[PDB]
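Visitor: Take this structure first; my questions come after.
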Amino acid sequence: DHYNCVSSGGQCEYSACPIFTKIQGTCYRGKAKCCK
């Protein structure tokens, strides 16, 4: 979720993860990806 994604160094993103990161979990009631 948003809290855990931010706490663990990820970024919540609605669209493709920024370069050199990838999906690992979700944010925003499941509508976004946690990119790490």
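Ordering of the structure tokens sets the chain letters (A, B, ...), residue numbers begin anew at 1 in every chain, and ligands are numbered from 1 in the order given.
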Quick one: residues within 9 Å of residue A:21, only C-alpha atoms counted, chain neighbours fewer than 6 positions away excluded, as a list in words?
Guide: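 Surrounding residues, per the criterion: residues 10, 35 and 36 of chain A.
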Visitor: Pick out the residues sitting within 10 Å of residue A:14, and hand them over as a list in words; count only C-alpha atoms, and ignore anything fewer than 4 positions along from it in its own chain.
Guide: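 Everything that qualifies: residues 26, 27, 28, 30, 31, 32, 33, 34 and 35 of chain A.
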Visitor: Keeping only C-alpha atoms, write those residues as a short mmCIF file (atom, residue, chain, number, x, y, z; two decimals), in the first residue's frame.
Guide:
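Listed below is the output, part_31.cif:
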data_model
loop_
_atom_site.label_atom_id
_atom_site.label_comp_id
_atom_site.auth_asym_id
_atom_site.auth_seq_id
_atom_site.Cartn_x
_atom_site.Cartn_y
_atom_site.Cartn_z
CA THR A 26 0.43 -1.65 -5.25
CA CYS A 27 -0.73 1.69 -3.91
CA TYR A 28 -3.95 3.77 -3.85
CA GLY A 30 -4.74 -1.11 -5.72
CA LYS A 31 -4.98 1.39 -8.63
CA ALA A 32 -1.27 2.21 -8.73
CA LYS A 33 1.94 0.18 -8.72
CA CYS A 34 4.70 0.29 -6.12
CA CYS A 35 7.90 0.62 -8.19
#
Visitor: Kindly give the distance, in Å, that separates atom CA of residue A:8 and atom CA of residue A:29, rounded to a single decimal.
Guide: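 Straight-line distance from atom CA of residue A:8 to atom CA of residue A:29 works out to 17.9 Å.
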Visitor: Figure out the distance between atom CA of residue A:23 and atom CA of residue A:4, please, to one decimal in Å.
Guide: 13.8 Å
Visitor: Which of chain A end up as helix (DSSP H, G or I) when DSSP is run on this backbone - answer as an MDAnalysis selection string?
Guide: chainID A and resid 2:7
Visitor: If you run DSSP on this backbone, which residues of chain A come out as strand (DSSP E), and could you give them as a ChimeraX atom specification?
Guide: /A:11-13,23-27,32-35
